[PDB]
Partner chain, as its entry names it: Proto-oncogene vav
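Just the one chain here, the form deposited without its partner chain, laid out as structure tokens.
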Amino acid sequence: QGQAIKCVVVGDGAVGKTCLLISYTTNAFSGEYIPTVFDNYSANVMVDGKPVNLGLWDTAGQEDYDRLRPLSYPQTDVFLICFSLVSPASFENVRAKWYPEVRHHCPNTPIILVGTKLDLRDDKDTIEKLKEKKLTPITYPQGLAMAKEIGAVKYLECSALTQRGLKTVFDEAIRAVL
């Protein structure tokens, strides 16, 4: 058996919460966007000698669930607050929406700030798409700054598609607890 660890995942509609978990636990990725209502995944992981039943709770980013979402929060060992490195709108909500909601229900429980979609921050298609609307993809130093600002215990960037940065997200989610 292994040590139970409840990891809860929050952030804007479409940032890649779900994809990030599917990609970690099954190495699978979909182009398709099927919005989460609520889901639950598991992963027996081996980190630094010790073994762990990582529980992972995938929450709906959509505001409709603002009322129902914090039912997930009691007894959480660590949170992942997720933002797309490619939607600065999803970025500001980290201190606007996601850090207040979490600390409101769980004021002590560690946070790991997660910049998702790392594979698109260098994409011409996507840099150009934003250029139009006065926009900048979120850089590492800016992400790091946001993390410091919310007392995130780590800042970590990833892509569920390439899987660049992927395993370190969960390795560190487990590390915020042990």
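Numbering follows the first chain given and starts at 1.
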Worksheet item: Which is higher in the entry, the mean Cα B factor of 7 to 15 or that of 21 to 29?
Response: 21 to 29
Discussion item. Tell me which stretch, 46 to 54 or 147 to 155, has the higher mean Cα B-factor listed in the entry.
Written reply: 46 to 54
Worksheet entry | Of the residues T59, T109, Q142, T136, the one carrying the largest Cα B-factor as recorded | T136
Worksheet entry | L68, C-alpha B-factor rank within chain (lowest, middle or highest third) | highest
Worksheet item: Comparing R121 with the other modelled residues of its chain, is its CA B-factor in the lowest, middle or highest third?
Response: middle
Item to complete: Sort the modelled residues of this chain by their C-alpha B factor and say whether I174 lands in the lowest, middle or highest third.
Response: middle
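The same protein also exists as the form deposited with its partner chain bound; that form is not shown, yet it is the one meant from here on.
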Discussion item. How about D66 - does it come within 4.5 Å of its partner chain in the bound PDB entry, if we only consider non-hydrogen atoms?
Written reply: yes
Worksheet entry | Close approach of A145 to its partner chain in the bound PDB entry, 4.5 Å, heavy atom | no
Worksheet item: Within a 4.5 Å heavy atom cut-off, is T109 in contact with its partner chain in the bound PDB entry?
Response: no
Discussion item. With the partner left out here, check for me: in the bound PDB entry, does some heavy atom of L71 sit within 4.5 Å of its partner chain?
Written reply: yes
